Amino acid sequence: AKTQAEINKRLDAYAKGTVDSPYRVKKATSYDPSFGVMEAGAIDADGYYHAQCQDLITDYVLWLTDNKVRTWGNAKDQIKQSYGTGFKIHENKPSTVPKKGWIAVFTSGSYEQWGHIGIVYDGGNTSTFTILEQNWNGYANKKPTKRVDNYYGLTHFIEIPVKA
């Protein structure tokens, strides 16, 4: 498990393009004509579809679990598997405020077909929070980027283990 300080450091490094990850693009990379050239800092964990939302989580979960757990499936499929001990899936109830480093999973509305996923950067309040995510633009080309979300379509949070 990682400490909150380690988690918080890693989130800023994702957003800065400096994260210690072997899946971070070092030089602008392209292989899929349907997507934009991945900029330095984009995370591509599977070698398909350039830098999608789930690529970020694959990397993050690998890091949290010392490379023991590789995610499978699309964003929406993350709530149908377990990343292991100390990971907990919570339904988003309208009371529910997430914590920094938790994983936010969108599975309804326009997000239904593949889902969307990202990391809670600031837990916010009941109205909004700040997410760190890839590919909210659809072009699969940008590094992880922060966005204010209003909980629309957001159905679950994955609580991650945090070391004292």
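In this text, residue numbers run from 1 along the sequence as written.
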Can you tell me whether 69-77 has a higher mean C-alpha B factor than 88-96 in this record, or the other way round? 88-96
Between 135-143 and 37-45, which has the higher average C-alpha B-factor in the PDB entry? 135-143
Highest Cα B-factor in the PDB entry belongs to which of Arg10, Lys16, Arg24, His156? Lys16
Reading the B-factor column of the entry, which of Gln52, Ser110, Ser30, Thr130 has the highest value at its C-alpha atom? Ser110
